[PDB]
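Computed from the coordinates by the stated procedures, all read-outs in this text should not be read as laboratory data. Positions of Cβ are backbone-derived with ideal geometry, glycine not excepted, and every protein chain shown enters the neighbour counts.
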Amino acid sequence: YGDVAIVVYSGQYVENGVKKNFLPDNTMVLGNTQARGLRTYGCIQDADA
Amino acid sequence: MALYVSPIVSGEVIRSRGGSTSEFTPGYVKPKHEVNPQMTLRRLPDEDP
């Protein structure tokens with residue numbers, strides 16, 4: 001689109017029995033390809049673990 | 001004791017001795033206690049920060 005790319009993301013996630021869209025009806029997100037984000041993880045609070 | 005039987009009469013016959021029993025059967029003790037697996041998340045009073 002000039003200096004910006006167009007990505008149409010139609011991902012879906014399943015509820016109890018039905019499909020739902022990850023994104024709302026009409027939204028847009030100005031983002032960065034190298035924007036750093038944390039995929040950090042918690043601790044397993046299980047007795048056997 | 002012996003008391004004084006005279007040498008003309010047969011005298012009495014003593015019951016010899018003995019006889020006493022008892023029972024002390026059961027007993028028990030069992031201190032169960034919990035490890036609390038979710039207690040290890042926070043810091044103990046030991047283990048310097």
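Observations on the structure shown:
- Check on residue B:29, within 14 Å of chain A (Cβ to nearest Cβ) and part of a loop (DSSP other than H, G, I, E, B): no
- Matching option when the condition is charged (D, E, K, R), within 14 Å of chain A (Cβ to nearest Cβ) and surrounded by fewer than 10 Cβ atoms within 10 Å (Cβ to Cβ), among B:34, B:12, B:23: B:34
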